[PDB]
Amino acid sequence: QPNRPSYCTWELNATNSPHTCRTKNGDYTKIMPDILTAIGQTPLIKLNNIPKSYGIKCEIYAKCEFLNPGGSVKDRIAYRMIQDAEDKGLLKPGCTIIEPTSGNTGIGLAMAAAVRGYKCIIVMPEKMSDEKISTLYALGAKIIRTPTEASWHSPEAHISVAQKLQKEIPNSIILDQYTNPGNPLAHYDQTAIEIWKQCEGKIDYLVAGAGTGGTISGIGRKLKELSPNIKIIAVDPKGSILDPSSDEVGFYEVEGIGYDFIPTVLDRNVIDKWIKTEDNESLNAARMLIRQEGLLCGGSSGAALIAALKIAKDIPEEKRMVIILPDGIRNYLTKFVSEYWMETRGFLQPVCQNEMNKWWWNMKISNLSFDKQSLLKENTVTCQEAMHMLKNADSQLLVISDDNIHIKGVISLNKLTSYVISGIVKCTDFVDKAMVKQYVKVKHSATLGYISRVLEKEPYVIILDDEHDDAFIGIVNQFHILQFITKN
Ligand code: HEM
Ligand SMILES: *Cc1c(COP(=O)(O)O)cnc(C)c1O
């Protein structure tokens, strides 16, 4: 159980500790034996334009963890845990490392396992995040998929099934970044020390986001031991219970911060204040870091920046603040880096490039007229019949609904062909097995410029009725847009 209470007896400035102490990971001045020894020693860069544009009088330095060789801060822990395991004899050559995370920790453990010749197996359902799949497959990791709906309570969830797979595979191990002292200890021993030395002893506030609390708790313990007056600020997104002030749990786009449980490695006694963030301000702040500061970073970095800017309004000029930037743009290239993805989610407004289009740009989809496709029921149509229908369909998609009103899922030719070839779906089986539960849905009241912008990637868009119970209306493609534009 990752949510169990911690048994750690540490108190401030305590001497004798059972844990290992790793000061430095390697020496850049001479030849390094492996890429893992290059983890850490990341630069602390000043923010120049962003704080002065926001009227902040004090100094703000970003510790860049996207410059680690794996691309994230998680390298630090992925090494450390493994290291400690190897000193306990738990890790042998030929061992298989299993971790229940879809985040950057899987990439760190995949890289370290590649260096050490360990098999690596990562468990994540569906796609929560993508472009990390290519990186994990490139590093030699096996990826196991589960149902994405199952809560971490459910056995179908990635954690429980990760333990089941651990029991199935002989002589395997789970490092469990949530319960592992190596996670906070890596930042206690190294990250916090690097920040302390680089600041030359002058540091006042430290802002970081906590997914697992490892970073903020390790740096909080070490820095609070070195500088008792330091203020440690944690950043949690809306929809996560990590904040001691909470209440339900929501859905946010920003990856890497917040959880629906309270990890063991997170020590909330060293957290002075919690700041809550939203996807919009966070992601636009990350784009702001990239644009104004030339720092290529992820969304959690933007969340850190927004929290720090909220706190720093009244902070006097002589103080220094340090914020942690956990990872880089690599994973997010198609999500918050893309203007299309930003305008789709509503985080940016689509701009009308040609003034000729100005008349139909703000018109609603309601002015359009398109077919309302019959909603098929559950467990009726065989795939043969659905091959026929998809061939004959206007927009070449099928709609499956149990309620006859709201659309439960969709059927596409690509998913169907994938499942038929892989053997998951026999020809005479039911198409509901190949159903796609995630899909693009747009309110009936949206403007035609938004729809035309979304259609540049998605060939189809499901229109739902915002006034009555998100009721299914019809499917819209670029044919309807051209037909509305040209015939005026
Ligand atoms: C003098 C310093 C410290 C002492 C005396 C101490 C004591 C302990 C002990 C005895 C355990 C064993 C838990 C068990 O047997 O179930 C433990 C676990 C742990 N320690 Fe420490 N510790 C110290 C420093 C630290 C530091 C600096 C960190 C993080 C930066 C840390 C993080 C943890 C964590 C996350 C656990 C896991 C708790 C669990 O497994 O339930 N400790 N600690
Ligand atoms: C893990 C992670 C965090 C949070 O780091 P913690 O050690 O969980 O406090 C923030 N951003 C990203 C991208 C992460 O992977």
# chains A, B, ... in the order shown; residues from 1 in each chain; ligands from 1
>>> residues_around(residues="region 78-89 of chain A", least_positions_apart="5", cutoff="7 Å", atoms="only C-alpha atoms", output="ChimeraX atom specification")
/A:36,105,108-109,112,175,182-183,186
>>> closest_atom_pairs(of="chain A", to="ligand 2", cutoff="7 Å", atoms="only C-alpha atoms and all ligand atoms", output="Markdown table")
| residue | atom | partner | partner_atom_place_in_ligand_line | distance |
| --- | --- | --- | --- | --- |
| A:72 | CA | ligand 2 | 13 (C) | 6.8 |
| A:73 | CA | ligand 2 | 15 (O) | 6.9 |
| A:74 | CA | ligand 2 | 15 (O) | 6.2 |
| A:103 | CA | ligand 2 | 15 (O) | 5.4 |
| A:104 | CA | ligand 2 | 15 (O) | 4.8 |
| A:105 | CA | ligand 2 | 15 (O) | 6.6 |
| A:183 | CA | ligand 2 | 7 (O) | 6.8 |
| A:209 | CA | ligand 2 | 4 (C) | 5.5 |
| A:210 | CA | ligand 2 | 9 (O) | 3.4 |
| A:211 | CA | ligand 2 | 8 (O) | 3.5 |
| A:212 | CA | ligand 2 | 8 (O) | 3.3 |
| A:213 | CA | ligand 2 | 9 (O) | 3.7 |
| A:214 | CA | ligand 2 | 7 (O) | 3.7 |
| A:215 | CA | ligand 2 | 7 (O) | 4.0 |
| A:216 | CA | ligand 2 | 9 (O) | 5.4 |
| A:255 | CA | ligand 2 | 13 (C) | 6.0 |
| A:256 | CA | ligand 2 | 12 (C) | 3.7 |
| A:257 | CA | ligand 2 | 10 (C) | 4.9 |
| A:298 | CA | ligand 2 | 13 (C) | 6.7 |
| A:300 | CA | ligand 2 | 11 (N) | 5.0 |
| A:326 | CA | ligand 2 | 11 (N) | 4.7 |
| A:327 | CA | ligand 2 | 13 (C) | 5.1 |
>>> residues_around(residues="residue 306 (chain A)", least_positions_apart="6", cutoff="8 Å", atoms="only C-alpha atoms", output="list in words")
residues 277, 281, 282 and 285 of chain A
>>> write_last_selection(atoms="C-alpha atoms", output="PDB file, in the first residue's frame")
ATOM      1  CA  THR A 277      -3.025  25.470  -9.748  1.00  0.00           C
ATOM      2  CA  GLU A 281      -2.453  29.130 -16.006  1.00  0.00           C
ATOM      3  CA  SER A 282       0.067  26.296 -15.644  1.00  0.00           C
ATOM      4  CA  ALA A 285       3.065  29.661 -17.900  1.00  0.00           C
TER       5      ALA A 285
END
>>> closest_atom_pairs(of="chain A", to="ligand 1", cutoff="9 Å", atoms="only C-alpha atoms and all ligand atoms", output="Markdown table")
| residue | atom | partner | partner_atom_place_in_ligand_line | distance |
| --- | --- | --- | --- | --- |
| A:4 | CA | ligand 1 | 41 (O) | 7.1 |
| A:5 | CA | ligand 1 | 41 (O) | 6.3 |
| A:6 | CA | ligand 1 | 41 (O) | 4.0 |
| A:7 | CA | ligand 1 | 41 (O) | 4.2 |
| A:8 | CA | ligand 1 | 43 (N) | 3.3 |
| A:9 | CA | ligand 1 | 7 (C) | 4.2 |
| A:10 | CA | ligand 1 | 3 (C) | 3.9 |
| A:11 | CA | ligand 1 | 2 (C) | 6.6 |
| A:12 | CA | ligand 1 | 2 (C) | 8.1 |
| A:13 | CA | ligand 1 | 1 (C) | 7.4 |
| A:14 | CA | ligand 1 | 1 (C) | 4.3 |
| A:15 | CA | ligand 1 | 1 (C) | 4.8 |
| A:16 | CA | ligand 1 | 1 (C) | 4.8 |
| A:17 | CA | ligand 1 | 1 (C) | 3.8 |
| A:18 | CA | ligand 1 | 6 (C) | 6.0 |
| A:19 | CA | ligand 1 | 24 (C) | 6.5 |
| A:178 | CA | ligand 1 | 35 (C) | 7.9 |
| A:179 | CA | ligand 1 | 40 (O) | 5.5 |
| A:180 | CA | ligand 1 | 35 (C) | 5.6 |
| A:181 | CA | ligand 1 | 35 (C) | 3.9 |
| A:182 | CA | ligand 1 | 35 (C) | 7.4 |
| A:183 | CA | ligand 1 | 35 (C) | 7.4 |
| A:184 | CA | ligand 1 | 30 (C) | 4.3 |
| A:185 | CA | ligand 1 | 30 (C) | 4.1 |
| A:186 | CA | ligand 1 | 30 (C) | 7.4 |
| A:187 | CA | ligand 1 | 30 (C) | 7.0 |
| A:188 | CA | ligand 1 | 30 (C) | 4.9 |
| A:189 | CA | ligand 1 | 30 (C) | 7.7 |
| A:214 | CA | ligand 1 | 30 (C) | 7.5 |
| A:215 | CA | ligand 1 | 30 (C) | 8.5 |
| A:217 | CA | ligand 1 | 30 (C) | 6.1 |
| A:218 | CA | ligand 1 | 30 (C) | 3.8 |
| A:219 | CA | ligand 1 | 30 (C) | 7.3 |
| A:220 | CA | ligand 1 | 30 (C) | 8.1 |
| A:221 | CA | ligand 1 | 30 (C) | 6.1 |
| A:222 | CA | ligand 1 | 27 (C) | 7.0 |
| A:263 | CA | ligand 1 | 35 (C) | 8.9 |
| A:264 | CA | ligand 1 | 35 (C) | 5.9 |
| A:265 | CA | ligand 1 | 35 (C) | 3.9 |
| A:266 | CA | ligand 1 | 35 (C) | 7.2 |
| A:267 | CA | ligand 1 | 35 (C) | 8.1 |
>>> select_by_dssp(residues="region 22-165 of chain A", states="strand (DSSP E or B)", output="MDAnalysis selection string")
chainID A and resid 44:46 59:64 72 96:99 119:123 141:144
>>> residues_around(residues="residue 129 (chain A)", least_positions_apart="6", cutoff="10 Å", atoms="only C-alpha atoms", output="ChimeraX atom specification")
/A:102-103,253,255,331-332,335
>>> closest_residue(among="A:420, A:389, A:308, A:121", to="residue 166 (chain A)", atoms="only C-alpha atoms")
A:121
>>> residues_around(residues="residue 407 (chain A)", least_positions_apart="6", cutoff="8 Å", atoms="only C-alpha atoms", output="NGL selection string")
:A and (375 or 399-401 or 471-472)
>>> write_last_selection(atoms="C-alpha atoms", output="CSV table (one decimal), in the first residue's frame")
chain,number,residue,atom,x,y,z
A,375,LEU,CA,-27.3,5.1,-32.5
A,399,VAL,CA,-22.1,5.2,-32.8
A,400,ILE,CA,-22.9,2.9,-30.0
A,401,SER,CA,-25.3,4.0,-27.2
A,471,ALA,CA,-27.5,14.4,-26.2
A,472,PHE,CA,-26.1,13.0,-29.4
>>> closest_residue(among="A:468, A:304, A:254, A:484", to="residue 368 (chain A)", atoms="only C-alpha atoms")
A:484
>>> closest_residue(among="A:430, A:369, A:302, A:345", to="residue 381 (chain A)", atoms="only C-alpha atoms")
A:430
>>> closest_residue(among="A:197, A:57, A:408, A:443", to="residue 364 (chain A)", atoms="only C-alpha atoms")
A:443
>>> select_by_dssp(residues="region 25-129 of chain A", states="helix (DSSP H, G or I)", output="CSV table (one decimal) with C-alpha atoms, in the first residue's frame")
chain,number,residue,atom,x,y,z
A,35,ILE,CA,25.5,7.8,-18.5
A,36,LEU,CA,24.0,7.2,-15.1
A,37,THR,CA,27.0,8.9,-13.4
A,38,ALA,CA,26.0,12.0,-15.4
A,49,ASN,CA,12.1,38.7,-18.1
A,50,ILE,CA,9.2,36.8,-16.5
A,51,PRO,CA,9.4,38.1,-12.9
A,52,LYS,CA,9.9,41.7,-13.9
A,53,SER,CA,7.0,41.5,-16.4
A,74,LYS,CA,13.1,11.1,-12.0
A,75,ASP,CA,16.5,9.9,-13.2
A,76,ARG,CA,17.9,10.9,-9.8
A,77,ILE,CA,15.6,8.5,-8.0
A,78,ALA,CA,15.6,5.8,-10.7
A,79,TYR,CA,19.4,5.5,-10.2
A,80,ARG,CA,19.2,5.9,-6.4
A,81,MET,CA,16.6,3.3,-5.7
A,82,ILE,CA,18.4,0.8,-8.0
A,83,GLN,CA,21.7,1.7,-6.3
A,84,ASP,CA,20.4,1.0,-2.8
A,85,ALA,CA,18.7,-2.2,-4.0
A,86,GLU,CA,22.1,-3.4,-5.4
A,87,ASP,CA,23.7,-2.7,-2.1
A,104,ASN,CA,9.1,9.8,-16.2
A,105,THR,CA,10.2,7.3,-13.5
A,106,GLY,CA,9.6,4.6,-16.0
A,107,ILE,CA,12.0,6.3,-18.4
A,108,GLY,CA,14.6,6.6,-15.7
A,109,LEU,CA,14.3,3.0,-14.7
A,110,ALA,CA,14.3,1.9,-18.3
A,111,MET,CA,17.5,3.8,-19.0
A,112,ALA,CA,19.3,2.6,-15.8
A,113,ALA,CA,18.1,-1.0,-16.6
A,114,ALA,CA,19.5,-0.6,-20.1
A,115,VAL,CA,22.9,0.4,-18.6
A,116,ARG,CA,22.8,-2.4,-16.0
>>> closest_residue(among="A:438, A:68, A:96, A:229", to="residue 174 (chain A)", atoms="only C-alpha atoms")
A:96
>>> closest_atom_pairs(of="region 216-272 of chain A", to="region 152-164 of chain A", cutoff="12 Å", atoms="only C-alpha atoms", output="Markdown table")
| residue | atom | partner | partner_atom | distance |
| --- | --- | --- | --- | --- |
| A:259 | CA | A:152 | CA | 10.4 |
| A:260 | CA | A:152 | CA | 8.7 |
| A:261 | CA | A:152 | CA | 9.1 |
>>> write_last_selection(atoms="C-alpha atoms", output="PDB file, in the first residue's frame")
ATOM      1  CA  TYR A 259      -2.387  11.869  -6.742  1.00  0.00           C
ATOM      2  CA  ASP A 260      -5.647  10.475  -5.386  1.00  0.00           C
ATOM      3  CA  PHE A 261      -3.803   9.025  -2.365  1.00  0.00           C
TER       4      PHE A 261
END
>>> residues_around(residues="residue 329 (chain A)", least_positions_apart="5", cutoff="12 Å", atoms="only C-alpha atoms", output="PyMOL selection string")
chain A and resi 65-67+71-72+131-132+255+283+286-287+289-290+294-302+334-338
>>> atom_distance(atom1="CA of residue 307 (chain A)", atom2="CA of residue 340 (chain A)")
25.9 Å
